[PDB]
Protein chains: 2
Amino acid sequence: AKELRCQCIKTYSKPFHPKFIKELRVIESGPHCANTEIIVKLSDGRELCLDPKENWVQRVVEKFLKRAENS
Amino acid sequence: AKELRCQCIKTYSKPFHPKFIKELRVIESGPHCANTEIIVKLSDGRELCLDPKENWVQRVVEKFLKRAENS
């Protein structure tokens, strides 16, 4: 109608550990989103949506990279 | 038979600019891969596979994050 359709509207509100993260996803602002949404895939086979607006998200995510890079 | 099946075998060998990157993907070692494979999605609607083994990959990718975060 007049608004966009971001791939993820509601984000997560519970800090956790990359211990349950096997795949990370990131989608920059698009024709459906005027911002940034960091999507992720939990090993349990689930896909959640985090918000960079939270400091703990920048940490648990940075850790995933440090682990995926050290591997 | 005895080897694993990584999601991406052949990587890219041509440094480019995030200017053509709309979505980033990262999969840590799994039951199919004993390493790390940084997958990505070009705006043209294509999915390639980069290798962290290249320094330029760590740069064009770091830029994508700086842009997706600044947005």
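Counting neighbours? That spans all protein chains shown, and the Cβs are built from the backbone with ideal geometry, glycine included. Taken together, the values in this text are just the output of simple stated rules run on the coordinates, not laboratory data.
Would you call B:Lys22 at negative phi, assigned to a loop (DSSP other than H, G, I, E, B) and over 10 Å from the mean Cα position of the chain (by Cα)? Can you show your working first?
On the way: at negative phi: yes; assigned to a loop (DSSP other than H, G, I, E, B): no; over 10 Å from the mean Cα position of the chain (by Cα): yes.
Judged against the criteria, B:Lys22 is not a match.
Yes or no: the stretch A:47-59 includes at least one residue that is over 25 Å from B:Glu62 (Cβ atoms), away from every other protein chain (no Cβ under 13 Å) and either under 12 Å from the mean Cα position of the chain (by Cα) or among the charged types (D, E, K, R) (or both).
Filtering the stretch A:47-59 down to residues over 25 Å from B:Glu62 (Cβ atoms) leaves none.
No, the stretch A:47-59 contains no residue that is over 25 Å from B:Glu62 (Cβ atoms), away from every other protein chain (no Cβ under 13 Å) and either under 12 Å from the mean Cα position of the chain (by Cα) or among the charged types (D, E, K, R) (or both).
List pairs: first residue in the stretch A:35-63 and touching a residue at least 12 places away in the same chain (Cβ under 8 Å), second residue among the aromatic types (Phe, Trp, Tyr) and part of a loop (DSSP other than H, G, I, E, B) anywhere in the structure, Cβ distance under 8 angstrom, at least six positions apart or on different chains.
So the pair list comes out as A:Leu48/A:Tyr12; A:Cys49/A:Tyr12; A:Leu50/A:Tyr12; A:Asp51/A:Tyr12; A:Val57/A:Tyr12; A:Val60/A:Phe16.
Please find, among A:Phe20, A:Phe64, the residue that is touching a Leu at 6+ places or on another chain (Cβ under 7 Å), of a type in the set (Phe, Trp, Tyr) and within 11 Å of chain B (Cβ to nearest Cβ). Before you say what the answer is, go through the steps one by one.
On the way: A:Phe20 fails: within 11 Å of chain B (Cβ to nearest Cβ).
From the options A:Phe20, A:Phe64, the qualifying one is A:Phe64.
Just one of (1) touching a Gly at 6+ places or on another chain (Cβ under 9 Å); (2) free of Cβ contacts under 8 Å to residues at least 12 places away in the same chain trips up B:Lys2, so point out which.
Result: B:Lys2 fails condition (1) only.
Count, please, the residues in the stretch B:1-19 that happen to be surrounded by 13 or more Cβ atoms within 10 Å (Cβ to Cβ) and not in a loop (DSSP other than H, G, I, E, B). Lay out the reasoning, then the answer.
In the first step, residues of the stretch B:1-19 are kept if they are surrounded by 13 or more Cβ atoms within 10 Å (Cβ to Cβ); the result is B:6-8, B:11-12, B:16, B:18.
Subset that is not in a loop (DSSP other than H, G, I, E, B): B:18.
Count: 1.
Anything in the stretch A:32-42 that is over 14 Å from A:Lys14 (Cβ atoms) and either buried (at least 16 other Cβ atoms within 10 Å of the Cβ) or at the interface with chain B (Cβ under 9 Å from one of its Cβ atoms) (or both)? List them, or say none. Please lay out each step first, then the result.
Keep residues of the stretch A:32-42 that are over 14 Å from A:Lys14 (Cβ atoms), which gives A:32-39, A:41.
Listed by number, the residues that qualify are A:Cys33, A:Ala34, A:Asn35, A:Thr36, A:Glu37, A:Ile38, A:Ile39, A:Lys41.
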